[PDB]
Protein chains: 2
Amino acid sequence: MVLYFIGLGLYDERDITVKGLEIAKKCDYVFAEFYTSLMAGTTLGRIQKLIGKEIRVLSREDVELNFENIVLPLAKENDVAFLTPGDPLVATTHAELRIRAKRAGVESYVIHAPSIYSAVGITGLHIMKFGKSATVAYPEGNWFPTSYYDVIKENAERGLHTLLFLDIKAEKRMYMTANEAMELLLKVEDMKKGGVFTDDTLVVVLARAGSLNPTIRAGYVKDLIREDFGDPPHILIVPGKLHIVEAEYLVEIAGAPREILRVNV
Amino acid sequence: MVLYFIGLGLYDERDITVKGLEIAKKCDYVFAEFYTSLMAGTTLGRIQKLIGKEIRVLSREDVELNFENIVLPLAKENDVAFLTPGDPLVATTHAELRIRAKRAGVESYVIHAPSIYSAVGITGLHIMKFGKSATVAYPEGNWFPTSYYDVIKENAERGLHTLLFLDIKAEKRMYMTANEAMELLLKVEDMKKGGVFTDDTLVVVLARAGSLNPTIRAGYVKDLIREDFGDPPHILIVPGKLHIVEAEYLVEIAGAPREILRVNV
Ligand SMILES: Nc1ncnc2c1ncn2[C@@H]1O[C@H](CSCC[C@H](N)C(=O)O)[C@@H](O)[C@H]1O
Ligand SMILES: Nc1ncnc2c1ncn2[C@@H]1O[C@H](CSCC[C@H](N)C(=O)O)[C@@H](O)[C@H]1O
């Protein structure tokens, strides 16, 4: 009669909250999806072992299309767990699954977990200063999305930071790198020529948040465009005007050039 | 010889990540602070028990003026852990404490936890649609902070949601409620009169995120300002231009007036 949306964390199988782990163990069935995002620091098996129960993976279609046929039915007569990377209702369309639960007379509860949306706070950039967020999608066929470009422009204009989620082909297990995102923007800049993203623009790259050894680097596009930030997942941030304090943190902890202390403050 | 920054979560002691717990367990000394936020579902005793360590709680001044005197020193001889509500680097200036740890010669690591910043997802509002954030500060005497008003304004202008962190005075055990926040905003409406916040404005309130039954309400200032939302902590949200899908979740789960469904395109 109960369905729990349990967050799985950022990186590995230990980023789940204690609350989420116990509740999962008590559930009769445990489903999980791994398309919205991917747990780079662990494996389906490791996760299974930790929780103890056996996890049934759902595809994008299984969820978006037949969640009410695969999951909800059991949730009627039992206690079901739905596991998703990061935080349950973040950056995903899962929030509407709660509406379906209600429609089927099923109670749903949310168990949160760290999100990349809030873990960027490790970059020293002030959470309160983040403006509208966006996704840098891969150009395909005749489709070449460039909206993120504008999102970055409206935020910088008002002195806010822009968080750019990078593209992901969960299926193909293919991650978009910070470099590839920096490349695309340069092309969008070259087409729109608004002076929003250029070799002189300051950027921050957060790689593998959640890990004890994440990669936090700040620098000018021309200098980071070809730097190796390690294995995915990646996150690109185009900061607005920096606080002296924000800036010091990027220099002292993300190896930012001293130049930002005078040019970007 | 290191320093760990561990998040405790949103509501009770089980909101810490397994990663965080297992690390806190194997630490020599465990500091903390409960002034940046309020965990409405636990006690220092329950945390200590779960951690199996004695937690010395520091004050803002202890931290802001003596961290390198009370904490870092031990960090050179032992593994120290500094716990905090929710995520330690969200809506706090703790990130600066890392610069200290460094100049003191002390490696530091960050372990995240669910944060109110990403927990707003449960409201049904898209995470990427949130623009700049702000805090509604308690007036102190003849001083009346108004900043947050312009933040709301600036965001609604761009059709983005606004996350309003409510003030806290842990020392006095004062926890601004969503009602108090609304009341203050109305007064600021008279001051600046910009048609930013009025009896007819739609607002969303999230109370006690992290609990299995948080209070999620959406409605018009006039109908909510007098409504009881339960014990703090509270968070107030001023949505921008809704999506039909956001409107549905608000109506179906937040209990918003069905009229909001008919969006004005
Ligand atoms: N640990 C991590 N480090 C850096 N980026 C990450 C990451 N985890 C996820 N991401 C970013 O977030 C995107 C997933 S979109 C969904 C976000 C997820 N629900 C959450 O709450 O975290 C990935 O494509 C990548 O751009
Ligand atoms: N569990 C919770 N439920 C509702 N609001 C919360 C909350 N936790 C924090 N808040 C809001 O955020 C304010 C504290 S600011 C600190 C936030 C914390 N660092 C985090 O990561 O979440 C509170 O006064 C309240 O306005």
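So how was this one determined? The header says X-ray crystallography, 2.9 Å.
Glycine too: its Cβ is placed from the backbone N, Cα and C atoms.
Features as listed in Swiss-Prot:
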BINDING   A:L10, A:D87, A:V90, A:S115, A:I116, A:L166, A:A209, A:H234  S-adenosyl-L-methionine binding site
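Everything Swiss-Prot records as a feature, shown here on the structure.
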residue : record                               : Cβ within 10 Å
A:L10   : S-adenosyl-L-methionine binding site : 28
A:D87   : S-adenosyl-L-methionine binding site : 31
A:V90   : S-adenosyl-L-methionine binding site : 29
A:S115  : S-adenosyl-L-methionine binding site : 29
A:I116  : S-adenosyl-L-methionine binding site : 22
A:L166  : S-adenosyl-L-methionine binding site : 21
A:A209  : S-adenosyl-L-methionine binding site : 26
A:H234  : S-adenosyl-L-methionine binding site : 25
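Proximity to chain B, defined as a CB-CB distance below 8 A, holds for A:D87 out of the binding-site residues A:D87, A:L166, A:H234. The DSSP secondary structure for A:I116 (S-adenosyl-L-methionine binding site) is helix.
Overall, the recorded S-adenosyl-L-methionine-binding residues A:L10, A:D87, A:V90, A:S115, A:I116, A:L166, A:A209, A:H234 cover a maximum inter-Cα distance of 17 Å.
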